[PDB]
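Peer 1: Just to be clear, this is only the beginning of the complex, oriented as in the whole thing:
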Amino acid sequence: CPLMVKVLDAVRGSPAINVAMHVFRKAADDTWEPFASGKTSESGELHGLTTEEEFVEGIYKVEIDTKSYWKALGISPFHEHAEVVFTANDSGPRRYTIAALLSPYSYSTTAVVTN
Amino acid sequence: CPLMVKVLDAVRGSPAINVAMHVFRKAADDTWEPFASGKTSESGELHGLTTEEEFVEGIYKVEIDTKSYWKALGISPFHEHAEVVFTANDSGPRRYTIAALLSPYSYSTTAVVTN
Amino acid sequence: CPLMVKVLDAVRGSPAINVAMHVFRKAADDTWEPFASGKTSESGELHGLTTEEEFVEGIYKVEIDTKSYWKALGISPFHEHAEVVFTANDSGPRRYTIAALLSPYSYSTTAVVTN
């Protein structure tokens, strides 16, 4: 698993479950080509998005549908979605975890890049 | 001032100065149209992007060029940019402050909305 | 103003108003002595805690009473308070802004230090 996403809820202190997201890869014409997608598990994690052969160097965007998550909880959010845009590079063996911590008017994201 | 952006640097404990950003607004045909742009001052703030008359209801995206900021400090960061996407003025005019805290592998963003 | 504190609410997208806090300074005998206290204004800011003459080198602790803030909004939060402990003025006088972003199960704090 070269790319994993984990989402947590800062209002409830819990994994953010059933959060939909799409991953895009940037095309040579500067458009966003759909690449992978899924919904987070009961642990707030989404695995199996891609494979090592497919996950080549380039620019990727992860669009997390935070608005639908808050609306299902009855909470009015600020953001339409949370977007994480990054370059994947080949500097030795690398696995990427994108983590996002969600509040109604705020989010934080970090990347854990390990061997 | 209906739309202000503030950016801080979590490595140096200082405002993030000279950070470029571009604001876009979603058009009727669902494309992103250029709306405003500028760069942060010595206080880390960008004022004067728009006016109350021009800042109509819509979906706006603030694209903060964090990669260029970190590169000039000698750091190769994870993200290409920080994106903040939100619906503005859906219940009438509001004033928005978009704040971003930057680290090389992480950022946080929040919004302060006042009537 | 050599020491200012700003507090924001990530659930409401607003300044966190009427948040009490206490500042302590570590004495020679290694105990925490009361130094200053106050509560945030309608802008979420607390100014005037100390003066340049009184704010000598030392280890300071800012204890932000986040639990009382959330309780008044009907929320049972995780943390008892947010603590920020730092050495101040070790290289000569500085001005410090301590900022905190609050959610029920999470907070973030940063510091802006200027000469």
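Peer 2: Thanks, I have it. Numbering: from 1, shown residues only, chains lettered A, B, ... in the order given.

Peer 1: Residues of chain A that sit close to chain C?
Peer 2: Applying Cβ under 8 Å from any Cβ of the partner chain, we find that chain A lies next to chain C at A:9-14, A:78, A:101, A:103-106, A:108. Heads up, the C-betas are built off the backbone N, CA and C, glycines and all.

Peer 1: Would you mind pulling the contact partners of stretch A:9-21?
Peer 2: Outside of stretch A:9-21, the residues within contact range by Cβ atoms under 8 Å, 6 or more residues apart in numbering or on different chains are A:5-8, A:37-46, A:62-66, A:68-69, A:72-73, A:75, A:101-104, A:106, C:10-11, C:78, C:103-106.

Peer 1: how about that stretch as PDB, C-alpha atoms only?
Peer 2: The C-alpha coordinates for stretch A:9-21 follow below in PDB (Å, rounded to 0.1, in the frame of the first residue of the first chain):
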ATOM      1  CA  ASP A   9     -13.100  14.100  13.600                       C
ATOM      2  CA  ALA A  10     -12.000  16.800  16.100                       C
ATOM      3  CA  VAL A  11     -15.600  17.500  17.400                       C
ATOM      4  CA  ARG A  12     -16.300  13.900  18.400                       C
ATOM      5  CA  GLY A  13     -12.800  12.600  19.100                       C
ATOM      6  CA  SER A  14     -13.200   9.700  16.800                       C
ATOM      7  CA  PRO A  15     -12.300   8.400  13.300                       C
ATOM      8  CA  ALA A  16     -14.300  10.100  10.600                       C
ATOM      9  CA  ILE A  17     -16.200   7.100   9.100                       C
ATOM     10  CA  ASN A  18     -17.800   6.900   5.600                       C
ATOM     11  CA  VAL A  19     -16.000   9.900   4.300                       C
ATOM     12  CA  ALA A  20     -15.800   9.900   0.500                       C
ATOM     13  CA  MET A  21     -12.800  11.000  -1.300                       C
END
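
Peer 1: Buried ones in that stretch, by neighbour count?
Peer 2: Buried residues in stretch A:9-21, counting neighbours by 16 or more other Cβ atoms under 10 Å in any protein chain shown, are found at A:9, A:10, A:11, A:15, A:16, A:19, A:20, A:21.

Peer 1: From the contacts of stretch A:9-21, list the buried ones, please.
Peer 2: The neighbour-count criterion (16+ other Cβ under 10 Å) marks A:5-8, A:38, A:40, A:44-46, A:62-66, A:69, A:101-104, A:106, C:10-11, C:103-106 among the contacts of stretch A:9-21 as buried.

Peer 1: include chain D too:
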Amino acid sequence: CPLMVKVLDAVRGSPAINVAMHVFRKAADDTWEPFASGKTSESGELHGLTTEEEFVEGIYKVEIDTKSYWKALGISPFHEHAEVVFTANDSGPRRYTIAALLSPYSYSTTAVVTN
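Peer 2: One more piece, chain D, placed on the ones above:
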């Protein structure tokens, strides 16, 4: 494992390894009694701090020695340590993860409370 701590480094995009921390429980005389301690693993995690029988309701403090971590990396930090103070409550079966994300002048902490 009723209480786990995870620490990440926002400058390097990696687990924060070998971070020392102490856990205290508040005494009836309002002093902090040492309870448990350890250092984070190569995954940035510290497990085995306590057992279910020992981890009774009360107020706990986790003091994370972030200053020594940054000094070992050659980076000048703001905080003396990161302190997380919380009430443990018996509302059904509950396991607590305290997570902290570290930058030199900023940190964020959240709690993941699961069944």
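
Peer 1: back to the buried residues of stretch A:9-21, now that we've got chain D?
Peer 2: Buried-residue list, stretch A:9-21, by 16+ other Cβ under 10 Å: A:9, A:10, A:11, A:13, A:14, A:15, A:16, A:19, A:20, A:21.

Peer 1: Mind checking if the helix or strand harbouring residue A:84 is in reach of chain D?
Peer 2: Following DSSP states H and E, one finds residue A:84 within strand A:79-88. No: counting by Cβ under 8 Å from any Cβ, no contacts exist between strand A:79-88 and chain D, the nearest distance being 10.3 Å.

Peer 1: Give the other helices and strands that that strand contacts.
Peer 2: Contacting strand A:79-88 under the criterion 3 or more Cβ pairs under 8 Å, 6 or more residues apart in numbering or on different chains; DSSP states H and E are the following elements: strand A:58-64, helix A:66-72, strand A:95-103, strand A:106-114, strand B:79-88.

Peer 1: Partner strands of it and their direction?
Peer 2: In the sheet containing strand A:79-88, the strands it pairs with under DSSP bridges are strand A:58-64 (antiparallel), strand B:79-88 (antiparallel).

Peer 1: With residue A:91 as the reference, name the closest of the ones you listed.
Peer 2: Comparing the strands paired with strand A:79-88 by their distance to residue A:91 (Cβ to Cβ), the top pick is strand A:58-64, with 14.4 Å.

Peer 1: now that closest one and strand A:95-103, what's the angle there?
Peer 2: Inter-element angle recorded for strand A:58-64 and strand A:95-103: 30 degrees (by axes from the mean of the first three to the mean of the last three Cα atoms, to 10 degrees).

Peer 1: send the alpha carbons of the strand holding residue A:84 over as CSV?
Peer 2: As requested, C-alpha coordinates have been extracted for strand A:79-88 and formatted as CSV (Å, rounded to 0.1, in the frame of the first residue of the first chain):
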residue,chain,number,x,y,z
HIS,A,79,-15.3,24.2,3.4
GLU,A,80,-16.8,22.6,0.3
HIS,A,81,-14.1,19.9,0.6
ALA,A,82,-10.6,19.4,1.9
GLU,A,83,-8.0,19.2,-0.9
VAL,A,84,-4.4,17.9,-0.5
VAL,A,85,-2.1,18.5,-3.5
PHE,A,86,1.4,17.0,-3.5
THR,A,87,4.2,15.7,-5.7
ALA,A,88,5.1,12.0,-5.4
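
Peer 1: how much does that strand deviate in direction from strand A:106-114?
Peer 2: Computed by the same axes, to 10 degrees, the angle between strand A:79-88 and strand A:106-114 is 20 degrees.

Peer 1: and residue A:90, how many neighbours?
Peer 2: Around residue A:90 there are 8 other residues, counting by other Cβ atoms under 10 Å in any protein chain shown.
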